[PDB]
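The residues of the chain are indexed from 1 along the displayed sequence.
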Amino acid sequence: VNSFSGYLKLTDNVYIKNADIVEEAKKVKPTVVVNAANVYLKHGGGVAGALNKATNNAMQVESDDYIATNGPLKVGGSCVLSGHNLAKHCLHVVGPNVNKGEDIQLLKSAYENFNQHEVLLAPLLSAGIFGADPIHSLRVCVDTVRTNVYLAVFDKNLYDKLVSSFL
Ligand SMILES: CC(C)(O)[C@@H]1CCCN1c1ncnc2[nH]ccc12
């Protein structure tokens with residue numbers, strides 16, 4: 001039993017809700033919140049910009065030190081950093097950005113990072129400003145993640161389409 005509330009159950013391990021991931025994290029304080037990161041950990045917009053803003057830019061300061069030490073992530077890769085005031089940890093995961101010409105096949109690799117964590121709050125990888133089809137991202141999530149994932153979908157209209165079209 002966990003403290004996630006109001007989710008629709010899609011499969012044995014995947015749950016979905018129309019919600020702002022920032023407000024969800026602040027309420028639940030999950031062990032792991034997933035960020036929709038880029039390889040530079042430059043948290044400018046979308047989920048990343050919103051999460052970072054909610055940390056008063058502390059996420060960006062920590063991220064800049066991480067990059068200065070380690071260099072950029074790989075597309076499809078991840079790193080674990082602090083969750084600041086939002087969660088214990090933030091798993092920064094880089095899905096392919098179609099608006100940069102990146103290979104959508106890397107979306108499965110991106111979701112594989114979730115399997116290293118028993119329970120996560122997360123957005124749909126590569127959706128929104130990353131330019132992929134959210135229906136496809138949900139399918140890849142369900143077919144790749146085996147741990148317990150609670151998906152927050154910001155746009156109510158998109159949420160209804162994801163639910164109604166889910167196979
Ligand atoms: C599918 C996406 C890209 O993840 C959705 C579609 C709109 C934005 N986005 C978000 N989802 C959850 N929490 C969020 N907080 C700020 C933005 C945001």
Looking only at heavy atoms, which two atoms of [X] and [Y] are closest? And how far apart?
X: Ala36; Y: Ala48; value: O-CB, 3.6 Å
X: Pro134; Y: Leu124; value: O-CD1, 4.0 Å
X: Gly131; Y: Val98; value: O-CB, 3.8 Å
X: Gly71; Y: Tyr66; value: O-CE2, 4.0 Å
X: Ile135; Y: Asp133; value: N-OD1, 3.0 Å
X: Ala152; Y: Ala19; value: CB-O, 3.8 Å

Between [X] and [Y], is any pair of side-chain heavy atoms under 4.5 Å apart?
X: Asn57; Y: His43; result: no
X: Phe154; Y: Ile21; result: no
X: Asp103; Y: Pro96; result: no
X: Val33; Y: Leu120; result: no
X: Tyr111; Y: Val142; result: no
X: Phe130; Y: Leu125; result: no
X: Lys100; Y: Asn38; result: yes
X: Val47; Y: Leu51; result: yes

Handout entry: Residues in side chain to side chain contact (heavy atoms under 4.5 Å, CB included) contact with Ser78, at least two apart in sequence or another chain
Key =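 Scan of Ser78 (side chain to side chain contact (heavy atoms under 4.5 Å, CB included), adjacent residues dropped) gives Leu91, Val93, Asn113.
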Practice task
Under the side chain to side chain contact (heavy atoms under 4.5 Å, CB included) rule, collect the residues that match up with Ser5, sequence neighbours excluded.
Solution key: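 Partners of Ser5 under the side chain to side chain contact (heavy atoms under 4.5 Å, CB included) test: none.
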Practice task
For side-chain contact (heavy atoms from CB on, under 4.5 Å), just list the numbers for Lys29 and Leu86, CA-CA rounded to whole Å, side-chain angles, deciding distance to a tenth of an Å, and then say yes or no.
Solution key: CA-CA 6 Å; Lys29 311 230 199 304; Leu86 303 176; over 6 Å; no
Practice task
Mark yes when over 12 heavy atoms from residues, nucleotides or ligands other than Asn70 sit less than 6.0 Å from its CG; otherwise mark no.
Solution key: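 Count over threshold, so yes.
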Handout entry: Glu23 atom CD, neighbour heavy-atom count above 12 within 6.0 Å
Key =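 Check passes, neighbour count above 12.
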Exercise for the section: Indicate whether any N or O donor in one side chain lies under 3.5 Å from an N or O acceptor in the other, for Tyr40 and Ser63. Expected result: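 No donor-acceptor contact under 3.5 Å links the two side chains.
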Practice task
Consider only side-chain N and O atoms of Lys88 and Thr31, and report whether a donor and an acceptor are under 3.5 Å apart.
Solution key: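 Not at all, the side chains of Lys88 and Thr31 share no donor-acceptor pair under 3.5 Å.
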State whether the side chain of [X] and the backbone N or O of [Y] hold a donor-acceptor pair below 3.5 Å, judged by distance alone.
X: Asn115; Y: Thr144; result: yes
X: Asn97; Y: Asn99; result: yes
X: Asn85; Y: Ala54; result: yes
X: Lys9; Y: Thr11; result: yes
X: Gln60; Y: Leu41; result: yes
X: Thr147; Y: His117; result: yes

Problem - Summary of salt bridge (charged side-chain N to carboxylate O under 4.0 Å, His left out) pairs that have at least one residue in residues 140-162, sequence neighbours excluded - result: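 Applying salt bridge (charged side-chain N to carboxylate O under 4.0 Å, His left out) to every pair that reaches into residues 140-162, excluding sequence neighbours, yields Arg139-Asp143, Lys156-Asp160.
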Mind checking the [atom1]-[atom2] spacing from [X] to [Y]? Nearest 0.5 Å is all I need.
X: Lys27; Y: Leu121; atom1: NZ; atom2: CG; result: 14.5 Å
X: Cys90; Y: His84; atom1: SG; atom2: NE2; result: 7.5 Å
X: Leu138; Y: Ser165; atom1: CG; atom2: OG; result: 7.5 Å

Exercise for the section: Just do the side-chain contact (heavy atoms from CB on, under 4.5 Å) check on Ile104 and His136 with the steps written out, would you? Expected result: CA-CA 10 Å; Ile104 194 64; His136 175 65; 4.1 Å; yes
Please check if [X] and [Y] belong to a single hydrophobic cluster, counting links between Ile, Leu, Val, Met, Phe, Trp and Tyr side chain heavy atoms closer than 4.5 Å.
X: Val94; Y: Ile67; value: yes
X: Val14; Y: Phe4; value: no
X: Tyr15; Y: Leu151; value: no
X: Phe114; Y: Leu10; value: yes
X: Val32; Y: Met59; value: no

Exercise for the section: Just do the side-chain hydrogen bond (donor to acceptor under 3.5 Å, both in side chains) check on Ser82 and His89 with the steps written out, would you? Expected result: CA-CA 5 Å; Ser82 178; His89 304 286; over 6 Å; no
Exercise for the section: May I have the step-by-step check of side-chain contact (heavy atoms from CB on, under 4.5 Å) for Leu8 and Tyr159, ending in yes or no? Expected result: CA-CA 11 Å; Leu8 181 68; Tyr159 171 84; 3.8 Å; yes
Practice task
For the residue pair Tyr150 and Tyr7, categorise the inter-ring angle as parallel (less than 30°), tilted (30 to 60°) or perpendicular (more than 60°).
Solution key: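 Because their plane-to-plane angle is over 60°, the rings of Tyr150 and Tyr7 count as perpendicular.
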Problem - Derivation and outcome, side-chain contact (heavy atoms from CB on, under 4.5 Å), residues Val149 and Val34 - result: CA-CA 10 Å; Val149 57; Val34 174; over 6 Å; no
